[PDB]
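Asker: So for the sequence shown, our numbering puts the first residue at 243; every next one is plus one.
Ideal placement from N, C-alpha and C gives every residue a C-beta, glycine not left out.
Mind having a look at this structure? Questions to follow.
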Amino acid sequence: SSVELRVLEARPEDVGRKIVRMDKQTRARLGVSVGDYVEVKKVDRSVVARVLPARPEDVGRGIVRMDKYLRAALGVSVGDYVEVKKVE
Numbered sequence: 243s244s245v246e247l248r249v250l251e252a253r254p255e256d257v258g259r260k261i262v263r264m265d266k267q268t269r270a271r272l273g274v275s276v277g278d279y280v281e282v283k284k285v286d287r288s289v290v291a292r293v294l295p296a297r298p299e300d301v302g303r304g305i306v307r308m309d310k311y312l313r314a315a316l317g318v319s320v321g322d323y324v325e326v327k328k329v330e
């Protein structure tokens with residue numbers, strides 16, 4: 243089904259992009275590859291974002307990096323948990 247991930251801040255290069263960063267393990271769990279799309283959900287809010295690969299230092303942290311604009315759309319703060327799933 244879905245994965246639950248902790249929201250972390252976007253690195254400066256990614257601010258303003260409609261993307262999220264997740265590690266390879268998480269992409270495999272979701273059934274997606276880099277460049278595919280996922281839906282990020284919080285209660286009755288949702289955003290669709292393109293999947294870009296997390297940097298190696300972020301591996302296994304259980305996080306998704308998303309910028310302050312996508313966080314605003316979802317009503318979440320850094321440190322909140324979100325549901326991530328394929329677009330369907």
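In chain order, what residues of the same chain lie with their CB nearer than 6 Å to the CB of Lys283, ignoring the 5 residues before and after it?
Answerer: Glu325
Asker: Nearest-angstrom Cα distance between residue 195 and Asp286?
Answerer: Here the chain comprises residues numbered 243 to 330, so residue 195 is not present and cannot be evaluated.
Asker: Check this for me: beta carbons of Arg269 and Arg307, under 8 Å apart or not?
Answerer: no
Asker: Let me check understanding here. Comparing Cα to Cα, which of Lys327, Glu246, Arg248 lies closest to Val293?
Answerer: Of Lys327, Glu246, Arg248, the residue nearest in Cα terms is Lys327.
Asker: Buried or exposed for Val249, going by 16 or more other Cβ atoms inside 10 Å?
Answerer: Looking at its Cβ environment, which holds 16 or more other Cβ atoms inside 10 Å, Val249 is buried.
Asker: Exposed or buried, what is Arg313 when buried is set at 16 or more other beta-carbons lying within 10 Å of its beta-carbon?
Answerer: buried
Asker: The alpha helix (DSSP H) with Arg313 in it runs from where to where?
Answerer: 310-316
Asker: Leaving out five residues on either side along the sequence, give the residues of the same chain with a beta carbon under 7 Å from the beta carbon of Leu316.
Answerer: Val282, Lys284, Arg287, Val289, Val324
Asker: If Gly302 sits next to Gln267, beta carbons under 8 Å apart, how far is it from one beta carbon to the other, in whole angstroms?
Answerer: Your pair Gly302 and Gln267 checks out as a contact, with CB atoms roughly 7 Å apart and the cut at 8 Å.
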